[PDB]
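Q: I would like the atomic coordinates for the input below:
(5 chains)
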Amino acid sequence: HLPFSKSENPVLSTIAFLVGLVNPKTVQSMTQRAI
Amino acid sequence: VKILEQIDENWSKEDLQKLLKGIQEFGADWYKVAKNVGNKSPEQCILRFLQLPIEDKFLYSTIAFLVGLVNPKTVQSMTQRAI
Amino acid sequence: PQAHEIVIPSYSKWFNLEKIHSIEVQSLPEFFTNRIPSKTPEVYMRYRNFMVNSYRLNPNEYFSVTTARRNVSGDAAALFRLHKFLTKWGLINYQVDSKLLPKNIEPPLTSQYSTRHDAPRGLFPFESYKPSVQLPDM
Amino acid sequence: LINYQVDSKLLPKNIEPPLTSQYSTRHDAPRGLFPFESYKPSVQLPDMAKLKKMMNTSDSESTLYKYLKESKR
Amino acid sequence: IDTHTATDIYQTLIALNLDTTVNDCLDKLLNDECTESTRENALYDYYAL
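A: Residues are numbered from 1 along each chain as shown, chains lettered A, B, ... in the order given. Below is the structure:
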C-alpha cells in the first residue's frame, strides 16, 4: 500500500479504486456536496 | 542502507567499541564484558546494549499496528489498509 | 579479603552498604527529624555498615545485639531497635543455619530451551509463498 | 596547624567492607516466571537471492517477463 | 484481500534487505583498498548485526 510499501502481489488487477468506487456508488448522493 | 552505530553519548566511541568487541567473541558473559570495558557496571552495559537501534528496518497501518492477528479478508476490509 | 558465599532474601535487594533508602527511614525515623543532635544519618550508617560487616564475616554462626552493645554504643535502645530491624530484614543473622537437599529431577530443567510455542515478543514461523519473490525488492 | 606530615593513627574494627553477594527468594515469579522454551541465537540466510537473481533459468522471473511480453497484446 | 500477503512480504523483506546490508558492509570492509577509517565502521556494523 502507500502507508505500507508492502503491497499485495499483483501483475494486472485493480484493488484500491475498486472499493473506492463501491463506497462511492453506495453514497447515492447524486448531489453529493464534496470536493 | 549505511547503518551507523557510532551514535551514542556519555559513552565514548571506543566504549561501545570494546563493548561489542567483547560480546562478539565472549558470548554474553556480562562479568567478562564488564571487565572487558572501561569501568561501566555490567548492568549498565546490558542496558545500553539493550537500547541499540537497528534504525533501517522498521518501516512506518493495518499491519504496521497489528501482528500475529488481523482483520479477516473476504469483505471490504481494505478500507482499513487505506486508513 | 573475602572468604564466604553470602546470599540474601532478594526482596531486600534495595539495600546498599553505601547509601540509604526511604524504606528504613519510614521504619526508623528517629535519626532524621534532626532534633537530637547526638543522632544523625551518619552515625546511623556507621552502626549499620559495622554490624552488617560483622555478620557477613562469619555468618554461619549467629550474632547478637548484645555483642555490638559491648563493642560500640551511643544507646542501648536505638541499637536494639535497628539491630532487630535488620534482623527482620534478614540483612543480619540470616544464614545462621544451613539446609540441604538431594533434589531429584523432573521433565523441566534449567538447561532445557527448545523450539515451541512462545508467549514472548514476536516471531514468524511461516515465511513466504512463491509469488512473494515477484517483487522489485530493495 | 598540627599533624601535617603523617598518614596513620586510625581506629580498628578488625574488618573491611566486603563486596560479594548472592540472592535467592524463590516462590515462582522471580528467577523468571518460567516461560516456555525458545531458541534462535543467530540469524540465518534466505538463500532466495539466487532464486531471486536474474538468470535465464529464473523460476518465474524470466518466465513472467515472457508472460507479460506475450500476453500484453 | 491483503492481510497475510502484505504482512508476510513485509516480514520477509525486512530480513532480505538486512542480509543485503550484511553482504554490503562485509565486502566493503573486505576490500582493503578502502580506508582504515571506513573499515572499522563496517566491522563494528557486522558485529552489531
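
Q: list the contacts for the closest residue to chain C within chain A?
A: With CB to the nearest CB, the shortest gap between chain A and chain C falls at residue A:9, namely 4.7 Å. Using the backbone N, CA and C atoms, a C-beta is placed for each residue, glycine as well. Residue A:9 sits next to C:131-132, C:134-135, E:5, E:9 when contact means CB atoms under 8 Å, 6 or more residues apart in numbering or on different chains.

Q: What about chain D: which of the residues you listed touch it?
A: Among those, proximity to chain D is found for residue C:134 (CB under 8 Å from any CB of the partner chain).

Q: Now a PyMOL select for only the buried ones of the contacts of residue A:9.
A: Buried residues within the contacts of residue A:9, by 16 or more other CB atoms under 10 Å in any protein chain shown, are selected in PyMOL with:
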select buried, (chain C and resi 132+134+135) or (chain E and resi 5+9)
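
Q: what's the closest residue to chain E within chain B sitting at in phi/psi?
A: Residue of chain B nearest chain E, by CB to the nearest CB: residue B:73 (3.7 Å). Note on residue B:73: backbone dihedrals following degrees, to the nearest 10 are phi -150, psi 90.

Q: repeat for residue D:63
A: When read as degrees, to the nearest 10, the backbone of residue D:63 gives phi -60, psi -50.

Q: give the contact list for the residue in chain C that chain B sits nearest to.
A: In chain C, the residue found nearest to chain B is residue C:122; the distance is 5.8 Å by CB to the nearest CB. Residues counted as contacts of residue C:122 (CB under 8 Å, 6+ apart) are B:67-68.

Q: I'd like the distance between it and residue C:43.
A: Distance from residue C:122 to residue C:43, counting by CB to CB, to the nearest Å: 54 Å.

Q: re the thing from before, among the contacts of residue A:9, which ones are in helices?
A: Of the contacts of residue A:9, the ones assigned to helices by DSSP state H are E:5, E:9.

Q: what separates residue D:63 from residue C:136, distance-wise?
A: According to CB to CB, residue D:63 and residue C:136 sit 16 Å apart.

Q: Would you check how far apart residue D:54 and chain A are?
A: Remark: distance between residue D:54 and chain A (CB to the nearest CB, to the nearest Å) = 18 Å.

Q: Excluding chain neighbours, give the residue nearest to that residue in space.
A: Once flanking residues are discounted, residue D:54 sits nearest to residue D:61: 6.6 Å by CB to CB, 6 or more residues apart in numbering or on different chains.

Q: Which residues lie in contact with the residue of chain B closest to chain E in this structure?
A: Counting by CB under 8 Å, 6+ apart, residue B:73 has contacts E:1-3.

Q: Now neighbour count, secondary structure and distance to chain B too, for these, in TSV please.
A: As requested, the contacts of residue B:73 are exported to TSV (neighbours: other CB atoms under 10 Å in any protein chain shown; DSSP: H, G, I helix; E, B strand; the rest coil; distance: CB to the nearest CB, whole Å):
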residue	neighbour count	secondary structure	distance to chain B
E:1	14	coil	4
E:2	23	coil	5
E:3	20	coil	4
